[PDB]
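One-letter residues, chain by chain:
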Amino acid sequence: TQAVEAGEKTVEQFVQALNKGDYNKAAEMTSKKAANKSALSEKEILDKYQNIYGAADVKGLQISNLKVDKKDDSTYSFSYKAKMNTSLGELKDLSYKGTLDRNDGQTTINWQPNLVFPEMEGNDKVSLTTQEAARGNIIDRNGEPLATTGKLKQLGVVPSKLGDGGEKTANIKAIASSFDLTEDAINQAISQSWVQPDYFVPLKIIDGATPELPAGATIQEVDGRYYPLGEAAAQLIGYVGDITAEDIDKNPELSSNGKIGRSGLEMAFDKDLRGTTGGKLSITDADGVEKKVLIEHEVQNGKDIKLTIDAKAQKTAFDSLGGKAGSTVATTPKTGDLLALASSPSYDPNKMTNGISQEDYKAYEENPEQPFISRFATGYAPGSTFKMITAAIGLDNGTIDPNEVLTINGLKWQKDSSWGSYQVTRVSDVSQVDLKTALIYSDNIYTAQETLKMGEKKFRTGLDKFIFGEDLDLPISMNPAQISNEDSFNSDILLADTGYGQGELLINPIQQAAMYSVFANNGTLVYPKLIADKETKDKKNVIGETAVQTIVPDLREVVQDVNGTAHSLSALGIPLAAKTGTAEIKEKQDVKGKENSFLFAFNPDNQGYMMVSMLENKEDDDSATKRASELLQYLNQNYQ
């Protein structure tokens, strides 16, 4: 019994050493090389495991049903079931067997080639054939492609057919002036270490028709990942890169030759898009005559993911931002379909997945506007557009009388001298302000006063009926929206700021479009939806239908009244209920004050579309309303 427990522990340590990849550690637990003892030396056992288990990318060896008994005074037989993960899948129901040797004070494994794979004997080889799986496509709601696998035009040069001295410089300047590329860049490419005289040196992917090819230039068609929309949806879709040795160490079922998504949806749906590697792992004899086929299954190409995105709306929404910092979310508020998730500025996913230089990538990672940020999923303060929610809450608890008129003098206001130097600021010096006037002129002083009259308790009771703290069911990496840092404001100033949407509030544009959807469903919140096949989830009785029928007509006047903040949208001549907003941002790291411009708009007649747009750190005389003329036309025409 005492010697039997050491045998089991030896087997346990042996499998553990194999599971952690330490083959030398496992090989040093084997007995001496002999006929009935071990079959190979320690170094030979190391090489056999490293070669065989490394070719199949074996990882995660786990055992069960371990039984160690006794055969003689020094031989102890053992047996266990085992399972492992390979490049083709999981090998299950593996019946291993062997013996041990307690010659001295140490039990050692009588190593045999059947401890690699069950039915291996003598000098049996292992063969692994694999067929790559084609990565699936990402399409919009109408089948238009957002991420596909197509043929690309690879522009490159051969240093031998280029020239010696003079002709080489002239052709490089000709291949540089014809394809828009630095003359020093072509020389740096053809002079790298790996380059040999008669090699094809790739340079740039051409997305149009082939221009004139000077001497040495040649195009070679290669298949690779292609993104039609380009930077317009680079943050949403993401990109794919070459699979590295560490990625295979993490997941052996990846292709050691394929592509893996690095960000966005290409990464979120990498398992559903990469497919499963087909092939056959088998045990062959001395040559290539197969004995036992361990694993085998046909190749399964990746599935296709169909999004709710509208391809043209996504392109229009991104281009409308004009390269500035901001985001735009367009939805169908009754179903939650995400028609567009634009984020600007952006990067080139085609340049990212093909040939990207360490200089252009550094330019993408140092731009203070940070193009890599998915701004539709980044938590921001909602701005003065949030007064709608504060008003809708005030109408449900009877705090806000739509006809009651507050008397406000000036542009700054504070409850008490206790506030110190902080004052709620408004842009329009309107004396007699009621609810309708406050929404037209975007009066923060009205909202700050009604919020304080409402009280923290009633205000949070209305806010808690929304989606604060909820993790949305979307394949987009996101943090849930918060009302503040803690569950209590503990500051009348912070409560007033939260009234008009800029305290410790953090709500990303997707969560904003969710909360604002109540105005298109009579107080019923419709969760956003990105996958076309999913069902519409809703949250009924968020705000009162009385509040919606009171605020939406006022939101119409935001566009129709000549002093409305969105009156420039009346140029469209379409039914529009809209709301604008601003947000002042100034932390300790900020130089001066940075302002964010917001616009919320939707069709109040048919509820066919809804739009929220933001301009982060706006330039002077710039606004989200200024750039929303085109997207609103498209959504009004194509989504009734």
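Residues numbered from 1 in each chain as written, not as in the entry; some residues may be left out. Heavy atoms only, no water. Residues with missing side-chain atoms left out of burial classes, pairs and counts.

- In the PDB archive, X-ray crystallography is given as the structure determination method for this entry, at a resolution of 3.59 Å.

- The chain appears in the PDB entry as Pbp5 from Enterococcus faecium.
- Entered under Sequence similarities (unreviewed entry) in the UniProt record, the comment concerning the chain runs "Belongs to the transpeptidase family." (UniProt positions renumbered as here; feature names shortened; annotations may be inferred.)

**Examining the overall build of the chain**
Right, so step 1: Assigned secondary structure in the chain consists of 20 helices and 25 strands.
Right, so step 2: At 33 Å, the chain has a C-alpha radius of gyration far larger than the 26 Å of a compact globule built from 640 residues.
Right, so step 3: The dimensions of the chain, computed from C-alpha atoms along their principal axes, are 105 × 80 × 45 Å.
Right, so step 4: Pairs at least 24 apart in sequence give 66% of the contacts found in the chain among residues at least 6 apart. (Helix = DSSP H or I, 4+ residues; strand = E, 2+ residues; numbered from the N terminus. Rg over C-alpha atoms; globule rule 2.2 N^0.38 Å. Contact = heavy atoms within 4.5 Å.)

**A few points about the packing of helix α10 (residues 311–321) against helix α20 (residues 629–638)**
For any two helices packed against each other, the geometry is given by the interaxial angle and the distance between the axes.
Right, so step 1: Between α10 and α20, the shortest axis-to-axis distance is 8 Å and the interhelical angle comes to 165 degrees. One finds that α10 runs roughly antiparallel with respect to α20. For the pair α10 and α20, the sense of crossing is left-handed. Across the interface between the two elements, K312, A313, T316, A317 and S320 from α10 touch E630, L631, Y634 and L635 from α20. (Axes fitted to C-alpha atoms, helices over the stretch in contact; angles between N-to-C directions. Parallel < 35°, antiparallel > 145°, perpendicular 65-115°, else oblique. Left-handed = near helix turned anticlockwise from the far one by under 90°.)

**A short note on the environment of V58**
Right, so step 1: With respect to the helices and strands, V58 occurs in the loop between α3 (42–55) and β1 (59–68).
Right, so step 2: For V58, a relative accessible area of 16% corresponds to the buried category.
Right, so step 3: As for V58 and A82, which are separated by 24 residues in sequence, their C-alpha atoms are 12 Å apart. (Buried < 20%, exposed > 50% of the residue type's maximum accessible area, 1.4 Å probe, protein only.)

**Observations concerning the packing of aromatic side chains**
Right, so step 1: Within this structure, the stated rule accounts for 18 aromatic pairs.
Right, so step 2: Ring geometry for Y53 versus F117: centroids 5.8 Å apart, planes at 65 degrees, classification edge-to-face. Placement of the pair is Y53 in helix α3 and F117 in the loop between β4 (108–110) and β5 (125–131), with a sequence separation of 64 residues.
Right, so step 3: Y53 sits in the buried class, given a relative accessible area of 2%.
Right, so step 4: Grouping aromatic residues by their ring pairs yields a cluster made of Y23, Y49, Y53, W111 and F117. (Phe/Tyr/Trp six-rings, centres within 6.5 Å; stacked < 30°, edge-to-face > 60°.)

**Details of the sheet that holds strand β23 (residues 577–585)**
Right, so step 1: Taken in spatial order, the five strands of this open sheet run β16-β15-β25-β24-β23, and their pairing is antiparallel. Every interior strand has two partners, whereas the edge strands, β16 (337–344) and β23, have only one. If you compare each strand with its neighbour and ignore which way they point, the axes differ by 10 degrees on average.
Right, so step 2: Pairing of strand β24 (residues 594–602) with strand β25 (residues 610–615), which is carried by six bridges, proceeds in the antiparallel orientation. Along β25, the bridge assignment pairs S597 with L615. (Pairing = 2+ DSSP bridges.)

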